[PDB]
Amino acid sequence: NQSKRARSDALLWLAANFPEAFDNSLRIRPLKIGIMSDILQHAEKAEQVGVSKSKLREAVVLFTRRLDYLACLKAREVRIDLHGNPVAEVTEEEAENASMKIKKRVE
(Lines of atoms letter the chains of each structure in order from A and count residues from 1; the text may use other names and numbers.)
(Lines give C-alpha, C1' and ligand atoms only; values in the text may rest on other atoms or scores of the structure.)
Protein backbone atom coordinates (compact mmCIF):
# COMPACT_ATOMS: atom_id res chain seq x y z
CA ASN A 1 0.00 0.00 0.00
CA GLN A 2 2.63 2.55 1.04
CA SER A 3 5.04 1.14 -1.54
CA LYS A 4 2.23 1.34 -4.11
CA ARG A 5 1.61 5.05 -3.47
CA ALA A 6 5.38 5.58 -3.55
CA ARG A 7 5.45 3.88 -6.95
CA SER A 8 2.51 6.00 -8.17
CA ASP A 9 4.29 9.12 -6.89
CA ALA A 10 7.39 8.17 -8.89
CA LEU A 11 5.27 7.71 -12.01
CA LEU A 12 3.63 11.12 -11.50
CA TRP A 13 7.08 12.69 -11.02
CA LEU A 14 8.27 11.06 -14.26
CA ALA A 15 5.28 12.36 -16.21
CA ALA A 16 5.67 15.88 -14.79
CA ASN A 17 9.41 16.11 -15.43
CA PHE A 18 9.73 14.10 -18.67
CA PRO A 19 6.27 14.26 -20.28
CA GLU A 20 7.69 13.50 -23.76
CA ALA A 21 8.53 10.02 -22.47
CA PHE A 22 6.07 9.40 -19.64
CA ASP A 23 2.91 11.47 -20.28
CA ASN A 24 0.69 8.85 -21.93
CA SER A 25 -2.51 10.91 -22.06
CA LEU A 26 -2.44 10.97 -25.87
CA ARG A 27 0.37 8.71 -27.08
CA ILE A 28 3.10 6.36 -25.94
CA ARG A 29 6.42 5.84 -27.69
CA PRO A 30 9.28 3.32 -27.46
CA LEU A 31 11.97 4.38 -24.99
CA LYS A 32 15.73 4.42 -25.50
CA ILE A 33 17.51 1.27 -24.38
CA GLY A 34 19.09 2.37 -21.09
CA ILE A 35 16.49 5.06 -20.40
CA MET A 36 16.77 4.04 -16.73
CA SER A 37 20.35 5.27 -16.46
CA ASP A 38 19.36 8.64 -17.93
CA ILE A 39 16.54 8.98 -15.38
CA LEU A 40 18.81 8.15 -12.43
CA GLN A 41 21.06 11.10 -13.28
CA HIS A 42 18.14 13.16 -11.90
CA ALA A 43 17.82 11.15 -8.67
CA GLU A 44 18.86 14.01 -6.36
CA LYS A 45 16.05 16.26 -7.62
CA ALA A 46 13.58 13.38 -7.31
CA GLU A 47 14.64 12.53 -3.74
CA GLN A 48 14.04 16.12 -2.57
CA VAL A 49 10.31 15.71 -3.30
CA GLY A 50 10.09 12.18 -1.85
CA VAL A 51 10.98 9.86 -4.77
CA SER A 52 13.73 7.27 -4.20
CA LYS A 53 15.86 5.63 -6.88
CA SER A 54 14.22 2.27 -6.24
CA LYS A 55 10.77 3.81 -6.71
CA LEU A 56 11.93 5.39 -9.98
CA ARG A 57 12.95 1.89 -11.14
CA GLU A 58 9.62 0.39 -10.05
CA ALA A 59 7.74 3.13 -11.92
CA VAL A 60 9.71 2.55 -15.13
CA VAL A 61 9.12 -1.19 -14.79
CA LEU A 62 5.37 -0.65 -14.33
CA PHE A 63 5.17 1.87 -17.20
CA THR A 64 6.97 -0.39 -19.65
CA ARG A 65 5.08 -3.56 -18.71
CA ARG A 66 1.76 -1.98 -19.70
CA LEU A 67 0.26 -3.59 -22.79
CA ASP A 68 0.01 -0.28 -24.60
CA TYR A 69 3.76 0.21 -24.18
CA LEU A 70 4.54 -3.33 -25.34
CA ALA A 71 2.23 -2.76 -28.33
CA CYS A 72 4.19 0.32 -29.45
CA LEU A 73 7.44 -1.73 -29.74
CA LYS A 74 6.99 -2.45 -33.44
CA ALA A 75 9.88 -3.07 -35.84
CA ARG A 76 11.64 0.14 -36.95
CA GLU A 77 9.54 2.42 -34.74
CA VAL A 78 11.66 5.23 -33.23
CA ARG A 79 12.97 5.03 -29.65
CA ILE A 80 13.07 8.41 -27.88
CA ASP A 81 15.16 9.82 -25.06
CA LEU A 82 13.57 11.58 -22.04
CA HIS A 83 12.95 14.71 -24.13
CA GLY A 84 11.34 13.02 -27.12
CA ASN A 85 14.41 13.17 -29.35
CA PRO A 86 14.85 10.23 -31.76
CA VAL A 87 17.84 8.07 -30.77
CA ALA A 88 17.35 4.60 -32.29
CA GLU A 89 14.92 2.21 -33.98
CA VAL A 90 13.19 -0.87 -32.57
CA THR A 91 14.73 -4.06 -33.98
CA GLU A 92 12.77 -7.09 -35.21
CA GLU A 93 13.97 -9.13 -32.21
CA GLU A 94 12.79 -6.46 -29.76
CA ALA A 95 9.41 -6.32 -31.51
CA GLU A 96 9.13 -10.12 -31.34
CA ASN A 97 10.05 -10.14 -27.64
CA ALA A 98 7.38 -7.51 -26.95
CA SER A 99 4.60 -9.35 -28.77
CA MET A 100 5.56 -12.59 -27.03
CA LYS A 101 5.21 -10.74 -23.70
CA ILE A 102 1.73 -9.50 -24.65
CA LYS A 103 0.62 -13.01 -25.64
CA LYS A 104 1.83 -14.40 -22.30
CA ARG A 105 0.00 -11.82 -20.19
CA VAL A 106 -3.37 -12.24 -21.93
CA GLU A 107 -3.01 -16.00 -21.37
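A residue's number is simply how far along the shown sequence it sits, counting from 1.
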{"item": "Stretch with the greater mean C-alpha B-factor as recorded in the entry, comparing 75-83 against 47-55", "value": "47-55"}
{"item": "Between 86-94 and 6-14 (mean CA B-factor, as deposited), the higher", "value": "6-14"}
{"item": "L26 by Cα B-factor - lowest, middle or highest third of the modelled chain", "value": "highest"}
{"item": "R65 CA temperature factor, ranked by third within the chain", "value": "middle"}
